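Take a look at the structure below.
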Amino acid sequence: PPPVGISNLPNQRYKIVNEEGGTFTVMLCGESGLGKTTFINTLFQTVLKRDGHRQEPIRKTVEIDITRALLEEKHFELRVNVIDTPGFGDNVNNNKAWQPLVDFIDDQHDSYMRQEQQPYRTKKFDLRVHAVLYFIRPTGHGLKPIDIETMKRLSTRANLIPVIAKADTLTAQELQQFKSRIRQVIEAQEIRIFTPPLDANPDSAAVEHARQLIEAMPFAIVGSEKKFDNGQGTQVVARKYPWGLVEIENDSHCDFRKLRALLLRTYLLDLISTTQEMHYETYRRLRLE
Amino acid sequence: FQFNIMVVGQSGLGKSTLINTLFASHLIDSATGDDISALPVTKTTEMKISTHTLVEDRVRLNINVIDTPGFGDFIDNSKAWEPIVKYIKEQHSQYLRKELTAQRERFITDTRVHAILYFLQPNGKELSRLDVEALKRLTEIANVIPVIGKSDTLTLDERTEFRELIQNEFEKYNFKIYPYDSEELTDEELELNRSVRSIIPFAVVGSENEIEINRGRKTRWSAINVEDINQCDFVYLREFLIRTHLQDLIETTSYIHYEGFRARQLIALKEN
Amino acid sequence: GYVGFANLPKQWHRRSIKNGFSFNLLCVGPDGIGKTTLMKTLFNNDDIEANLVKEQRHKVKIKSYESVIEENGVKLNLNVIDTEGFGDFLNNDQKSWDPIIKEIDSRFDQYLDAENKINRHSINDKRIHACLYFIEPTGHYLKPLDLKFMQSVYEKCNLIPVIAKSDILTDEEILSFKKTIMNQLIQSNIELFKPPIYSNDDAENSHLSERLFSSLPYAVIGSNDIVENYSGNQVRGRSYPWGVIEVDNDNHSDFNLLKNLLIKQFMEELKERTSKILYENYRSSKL
Amino acid sequence: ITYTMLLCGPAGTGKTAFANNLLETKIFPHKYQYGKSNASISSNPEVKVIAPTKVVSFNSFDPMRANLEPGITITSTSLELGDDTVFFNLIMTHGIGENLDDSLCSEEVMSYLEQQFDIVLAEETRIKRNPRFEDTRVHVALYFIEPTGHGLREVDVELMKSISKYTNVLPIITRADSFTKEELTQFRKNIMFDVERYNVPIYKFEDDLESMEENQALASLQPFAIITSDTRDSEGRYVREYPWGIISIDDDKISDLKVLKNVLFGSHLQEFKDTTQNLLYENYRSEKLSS
Ligand SMILES: Nc1nc2c(ncn2[C@@H]2O[C@H](COP(=O)(O)OP(=O)(O)O)[C@@H](O)[C@H]2O)c(=O)[nH]1
Ligand SMILES: Nc1nc2c(ncn2[C@@H]2O[C@H](COP(=O)(O)OP(=O)(O)O)[C@@H](O)[C@H]2O)c(=O)[nH]1
Ligand SMILES: Nc1nc2c(ncn2[C@@H]2O[C@H](COP(=O)(O)OP(=O)(O)O)[C@@H](O)[C@H]2O)c(=O)[nH]1
Ligand SMILES: Nc1nc2c(ncn2[C@@H]2O[C@H](COP(=O)(O)OP(=O)(O)O)[C@@H](O)[C@H]2O)c(=O)[nH]1
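Chains as they are written, first to last, in the authors' numbering: chain C, 12 to 61, 63 to 64, 67 to 214, 225 to 313; chain A, 31 to 244, 249 to 306; chain B, 98 to 151, 177 to 409; chain D, 22 to 81, 92 to 113, 126 to 249, 255 to 339.
This is how it looks when you write it as structure tokens:
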């Protein structure tokens with residue numbers, strides 16, 4: 012009694028996926044001094060970005079800068095598209111500062127739609143942002159009007175992943191209270207934020233990690249490009265202050281590893297698929313009304 | 031004596047090899063070849079007649095192997111039995127022309143179709159449009175002895191069921207397959223006819239090449259003996275068309291088909 | 098450390114197994130060539146053609187059958203098309219075999235239409251991902267009608283020509299018939315699907331792909347029933363009064379190679395080619 | 022003496038905690054966790070609540096109304112911390140940095156300072172003047188620099204200039220624990236470079257050899273970086289607590305807060321008062337009299 016190769020179809024799919032290559036697009040929104048450049052330099056283990067762009071006119075115009083790179087880890091290549099928001103929230107008047115970013119996301123969606131409008135369409139330049147990380151200054155107080163309205167405006171264009179910048183600045187109780195206030199605000203304002211798919225699972229631990237990830241939002245981010253010894257003979261990436269060392273790789277000090285699980289390790293494919301099946305589809309429908 | 035045996039089928043069915051093996055010499059080479067360009071130039075079934083002399087049984091016989099290249103070998107076979115019918119009836123008209131001729135000869139060569147071997151493909155399905163029409167118009171114009179090509183393509187039970195299906199198809203279409211039971215025949219003759227009739231359509235396997243083990251085709255998983263009775267009906271068909279009924283075949287082609295065409299043609303001439 | 102962006106292919110594997118798979122296969126040949134036995138032996142399901150989905179005849183009939191075949195958890199939704207009447211007609215003109223082409227074009231048309239809808243709601247792919255042409259084991263040459271149809275279909279669907287009932291032909295006969303068929307195909311410009319060889323892949327898997335390409339036209343046999351081997355071992359195949367042929371034996375048939383090129387190894391690649399090259403050409407024509 | 026100090030900065034700097042630490046009394050509540058006590062009786066023997074917290078200016092947790100812009104709100108809380128008896132009225136700004144346009148905030152703060160100047164002028168130019176009238180002029184002002192680590196923003200510069208027009212303005216780096224040693228050094232250097240570039244008239248720590261040396265050192269210290277907490281250790285030491293370590297506000301290296309407190313309420317208090325009262329106010333009065 013011989014078998015059919017139905018069980019080998021997924022391994023074929025894996026082969027084509029790994030031999031083709033991937034593309035990830037992340038928009039890092041926030042003000043100046045939220046540890047964003049350092050975060051993206053820490054999440055990819057490489058220096059994708061810089063030193064700050068600085069010493070220029072104080073009135074910054076909100077612009078969009080895309081830093082593109084090709085990264086190879088295990089013979090798999092990823093085109094990382096780190097989009098920035100220079101000058102956003104860094105001015106005395108920040109009204110209509112959300113317009114450029116949502117407009118850029120809509121422009122990428124329209125570009126993909128027009129690539130589909132091609133008569134003999136070929137390989138696709140997909141710059142639609144698969145994730146949007148909005149960084150909140152660790153005020154420990156609440157979300158600002160600029161913050162909430164920008165987040166709500168861009169929550170329909172693509173996936174939104176709230177994060178509390180420089181979360182090590184806040185003490186444990188203060189950061190937890192800040193997280194609670196942020197969650198209540200985004201629940202009342204009805205802002206839409208990406209949630210890992212746990213359904214309602226064969227790998228009950230995977231959907232359990234989904235639950236753990238969704239119970240850790242807004243994520244606490246602690247990023248450093250320098251490593252220090254822990255005192256036990258192991259060098260951990262960390263932020264070194266004389267009172268104590270804030271290790272980025274310890275789950276007890278930060279939620280950075282959860283964010284890496286959501287963004288690149290575990291729920292990267294899900295983010296890409298949601299950005300391409302939910303957001304882009306709505307934009308295309310409205311554009312073609 | 032002069033015997034005329036015709037083979038009707040498509041390229042592959044194994045008719046040239048069957049004739050080659052039933053006579054023990056290379057008489058007919060495949061008229062279709064291995065080129066799609068070797069097919070007829072008239073885009074209709076053509077006739078290839080080759081005369082050989084075989085006297086190995088000390089019964090000297092003048093064989094005339096007829097072949098129908100082009101049958102079921104083009105896309106449009108809507109008239110792939112018309113040329114065969116025309117050939118048969120023209121060969122009959124020659125004999126009647128000599129017999130209706132004044133001061134004719136002693137030996138008016140009999141070029142008529144004494145026997146026909148219509149090769150039925152081993153597909154297991156009912157008769158196709160081409161097969162049905164050709165058997166319909168060739169059963170009453172000449173003596174037809176059904177045979178199944180590449181009977182290696184059907185397991186024993188598959189071959190039996192396909193043979194029963196073809197037998198029922200013959201009965202349904204009212205097709206007249208040789209041998210024909212008559213009243214002159216004796217009892218032994220009637221029972222022999224019943225047996226060969228139950229064998230029809232035959233299931234013959236042919237090979238002009240000999241194999242060594244411990249005549250047939252030897253392959254990787256299989257080894258057939260063309261002269262094995264528990265493997266093929268090649269021996270039965272051989273004996274039937276060479277010895278058992280050869281005389282009856284040549285007599286019925288001169289007594290039933292030819293005299294029928296004679297009556298028809300002469301009646302038509304009388305009317306006009 | 099190791100940033101885990103090389104783990105995305107594994108997430109794709111998991112997604113694939115979670116969402117199953119779907120394969121639309123076409124089978125064109127004469128009635129009695131063995132396209133109902135080959136399919137069931139390929140999918141090890143004797144009822145592979147029991148889910149029939151929704177003044178004389180002068181055109182082939184296109185029959186659609188949808189089944190589901192699941193192995194080790196993964197599930198595949200198979201939709202097999204069978205031609206009924208090919209060759210049975212004494213006309214066998216372009217109109218005779220046109221319905222098959224029209225059906226393939228209709229699948230592509232439905233896909234294109236749903237892709238070009240304002241709602242653009244979830245669409246199900248019915249496009250024919252492969253076309254198996256069954257070639258009778260005459261042993262002489264590729265026939266006119268065979269050449270005409272295979273040329274008419276070599277652009278619409280991936281072409282997988284096979285030599286049916288190959289157990290009758292001797293080894294040398296099979297080789298010669300295979301060579302003649304391949305020569306006729308190349309000189310009709312009929313093009314067949316070439317298995318892709320992934321990069322950073324095993325050289326043995328590359329050799330398998332090359333052999334799969336260079337073994338065409340294949341010589342496949344079909345018998346889901348079990349027969350006893352001369353070794354006393356029950357094996358899938360056919361038993362005749364002279365010998366026993368085994369469908370799973372590579373020495374006897376290219377059945378395992380066809381199963382590799384059609385289901386086990388390059389089913390997904392066949393679907394990718396059909397949805398990325400053939401369908402886009404159909405779209406350009408419709409444009 | 023009657024001393025007046027302003028505390029201005031973007032929301033989330035640590036002004037409330039800084040004031041509580043300075044007073045050693047939790048007299049100012051943190052937003053959203055308030056209403057349990059706002060201007061309660063002092064927990065410090067020296068601190069007295071001579072006037073509860075009250076709003077001096079206005080220009081405009093409820094999750095449904097979180098989007099609404101607060102605007103600006105200036106509040107003066109009067110206390111008596113003790126000849127030594129000092130009548131200290133602390134003015135504070137809230138809603139600055141919590142809206143889209145912060146021009147309203149700068150306008151309101153400048154207008155409050157100008158109105159206090161005008162009140163003092165009117166009292167001076169009165170036929171019957173109250174010799175012991177209570178001046179509302181802001182003798183000193185501290186601007187909190189948000190811990191960006193890069194430099195000064197636009198709102199920062201404009202607000203500091205507006206505050207400098209009517210009172211002495213001191214650049215104070217807040218939440219210095221957010222910066223490591225090198226990071227804090229670079230941030231301070233950037234702040235100084237930006238104020239020099241835009242010519243912000245920030246206060247300068249610029255008769256005795258020891259006095260000159262102290263002024264030089266204090267100038268080199270600016271902007272003053274500080275860690276402040278309104279929470280104390282079980283022993284009674286104002287401290288911050290983190291999972292990786294516990295910070296003490298008293299520690300000299302962690303915070304320059306005690307030098308800042310000394311200059312604000314000790315050494316340079318009279319200097320700030322005299323400069324605001326006899327240089328800024330006098331020039332404003334001269335300009336008004338020329339008008
Ligand atoms: N408290 C804290 N400060 C950080 C962290 N990462 C970086 N910084 C500080 O912020 C600077 C980097 O900011 P940068 O990433 O360039 O800014 P942004 O991209 O505009 O948000 C560093 O020089 C540090 O002074 C962090 O995890 N926590
Ligand atoms: N398996 C099998 N092959 C056969 C049989 N008879 C003939 N063949 C093969 O059929 C091929 C073509 O037969 P041939 O008589 O030359 O051709 P035709 O006159 O055009 O049908 C030859 O290569 C033979 O090997 C048979 O009984 N079984
Ligand atoms: N000689 C031979 N016969 C086969 C082979 N596979 C199937 N058959 C026979 O071919 C016949 C017709 O096959 P079937 O699947 O019913 O044909 P379809 O009408 O084309 O679907 C069946 O009765 C089988 O016994 C094979 O490999 N060799
Ligand atoms: N890391 C750090 N946090 C502080 C410091 N001072 C106060 N905080 C915290 O940061 C927030 C400051 O809010 P508050 O002082 O009311 O600010 P204001 O509204 O700008 O006056 C509170 O959550 C305090 O617990 C400090 O020096 N360092």
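Note that beta-carbon positions come from the ideal geometry of N, C-alpha and C, so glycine has one too.
Using a threshold of 7 Å, is the CB atom of residue 246(A) nearer than that to any non-hydrogen atom of ligand 2?
Residues lacking coordinates in chain A include everything strictly between 244 and 249, among them residue 246(A).
Tell me, to the nearest whole angstrom, how far the beta carbon of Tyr291(C) is from that of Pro210(C); I am working on the premise that it is less than 8 Å.
Your pair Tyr291(C) and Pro210(C) checks out as a contact, with CB atoms roughly 5 Å apart and the cut at 8 Å.
Between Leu147(D) and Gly138(D), what straight-line distance do the alpha-carbon atoms span, to the nearest angstrom?
Taking the straight line joining both Cα atoms gives about 10 Å.
CB contact below 8 Å: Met95(D) versus chain C:
Chain C contact via Cβ: present.
Does the distance from the C-beta atom of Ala181(C) to that of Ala262(C) stay below 8 Å?
Taking 8 Å as the Cβ cut-off, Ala181(C) and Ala262(C) do not qualify as a contacting pair.
Could you tell me whether any Cβ in chain C is nearer than 8 Å to the Cβ of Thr74(D)?
Judged by the 8 Å Cβ criterion, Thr74(D) is not in contact with chain C.
Helix, strand or coil for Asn211(D)? Go by DSSP, reduced to three states.
Looking at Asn211(D) - three-state DSSP - the assignment turns out to be strand.
Using the beta-carbon count (16 or more within 10 Å), is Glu141(D) buried or exposed?
Taking all protein chains in view, the Cβ of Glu141(D) is crowded by 16 or more other Cβ atoms within 10 Å, so the residue is classified as buried.
Beta carbon proximity, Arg358(B) to chain A, threshold 8 Å:
Closer than 8 Å: no.
In chain order, what residues of the stretch 285 to 305 of chain D put their CB closer than 9 Å to some CB of chain C?
Of all residues in the stretch 285 to 305 of chain D, only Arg288, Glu289, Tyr290, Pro291, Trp292, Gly293, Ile294, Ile295, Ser296, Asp299, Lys301, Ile302 place a beta-carbon less than 9 Å from a beta-carbon of chain C.
With a cut-off of 6 Å, give the chain-ordered residues whose Cβ is closer than this to any heavy atom of ligand 1.
For ligand 1, the selected residues are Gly41(C), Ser43(C), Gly44(C), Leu45(C), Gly46(C), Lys47(C), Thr48(C), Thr49(C), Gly64(C), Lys180(C), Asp182(C), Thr183(C), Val246(C), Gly247(C), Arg263(C), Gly192(D), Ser221(D), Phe222(D), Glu226(D).
Determine the direct distance from the alpha carbon of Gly192(D) to that of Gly101(B), and round the result to whole angstroms.
Spanning the two alpha carbons is a distance of roughly 30 Å.
Contact residues within the stretch 175 to 208 of chain A, judged by C-beta distance below 8 Å to chain B:
So the list reads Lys180, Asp182, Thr183, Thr185, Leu186, given in the order they occur along the chain.
8 Å is my cut-off, CB to CB: does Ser43(C) come that close to chain D?
Residue contact with chain D for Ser43(C): present (Cβ-Cβ distance below 8 Å to some residue of chain D).
Closest Cα partner of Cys124(B) within the set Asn142(B), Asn201(B), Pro106(B), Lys107(B):
Of the candidates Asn142(B), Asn201(B), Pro106(B), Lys107(B), the one whose C-alpha sits nearest the C-alpha of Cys124(B) is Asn201(B).
Endpoints, alpha helix (DSSP H) assigned at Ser194(C):
Residues 186 to 202.
Taking only the alpha-carbon atoms, compute the straight-line gap between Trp292(D) and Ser221(D) and give it to the nearest angstrom.
Cα to Cα, the separation comes out at about 13 Å.
Closer than 7 Å: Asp182(A) CB and nearest ligand 2 heavy atom:
Checking every heavy atom of ligand 2 against the Cβ of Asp182(A), one is found closer than 7 Å.
With DSSP as the reference, please indicate the residues paired to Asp304(D) in a beta bridge.
Note: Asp304(D) sits in no beta bridge, so no partner.
Would you mind giving the Cβ-Cβ distance between residue 62(C) and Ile178(C), rounded to the nearest angstrom? I have them listed as a contact below 8 Å.
A gap in chain C, from 61 straight to 63, means residue 62(C) has no coordinates in the model shown.
Segment limits, alpha helix (DSSP H) that includes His329(B):
Here the alpha helix (DSSP H) through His329(B) covers 325 to 336.
Mark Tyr292(A) as exposed unless 16 or more other C-beta atoms lie within 10 angstroms of its C-beta, in which case mark it buried.
Buried, by the Cβ-count rule.
Chain A contact for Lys381(B) (CB, 8 Å cutoff)
No, its Cβ sits nowhere closer than 8 Å to a Cβ of chain A.
For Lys278(B), the nearest candidate out of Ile226(B), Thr292(B), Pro259(B) (CA to CA)
Closest option to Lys278(B), Cα to Cα, is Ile226(B).
Coil, strand or helix - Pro221(B) by DSSP
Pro221(B) falls in the helix class under three-state DSSP.
Taking only beta carbons into account, state which residues of the stretch 73 to 102 of chain C come closer than 7 Å to chain B, listed in chain order.
Answer in chain order: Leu85, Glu87, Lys88, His89, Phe90, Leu92.
Nearest to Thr287(A) by alpha carbon, out of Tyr210(A), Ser228(A), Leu220(A)?
Among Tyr210(A), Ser228(A), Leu220(A), the Cα nearest to that of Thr287(A) is on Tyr210(A).
Interface residues of chain A around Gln306(B) at Cβ under 8 Å?
Within chain A, the residues near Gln306(B) are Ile66.
Of all the CB atoms in chain B, is at least one closer than 8 Å to the CB of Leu189(C)?
False, the Cβ-Cβ gap to chain B never drops below 8 Å.
If we count Cβ pairs, one from each stretch, closer than 8 Å, do we get three or more for the stretch 159 to 172 of chain D versus the stretch 19 to 32 of chain C?
Not touching, per the Cβ criterion.
Contact set for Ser55(A): own chain, Cβ-Cβ below 8 Å, skip 5 residues either direction:
Contacts found: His82, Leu84.
Neighbouring residues, chain D, relative to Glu163(C) (Cβ below 7 Å)
The contacting residues are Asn98.
Measure the CB-CB distance between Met135(D) and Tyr209(D) and report whether it falls below 8 Å.
Result no, Cβ atoms of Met135(D) and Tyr209(D) do not sit closer than 8 Å.
If we count the other Cβ atoms within 10 Å of its Cβ and call it buried at 16 or more, is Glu237(B) buried or exposed?
Burial call: exposed.
Which residue marks the beginning of the alpha helix (DSSP H) containing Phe120(B), and which one marks its end?
Boundaries around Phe120(B) are those of the beta strand (DSSP E), 118 to 125, since no alpha helix (DSSP H) includes it.
Report yes if the C-beta of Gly236(A) is less than 7 Å from at least one heavy atom of ligand 2; otherwise report no.
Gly236(A) Cβ: within cutoff of ligand 2.
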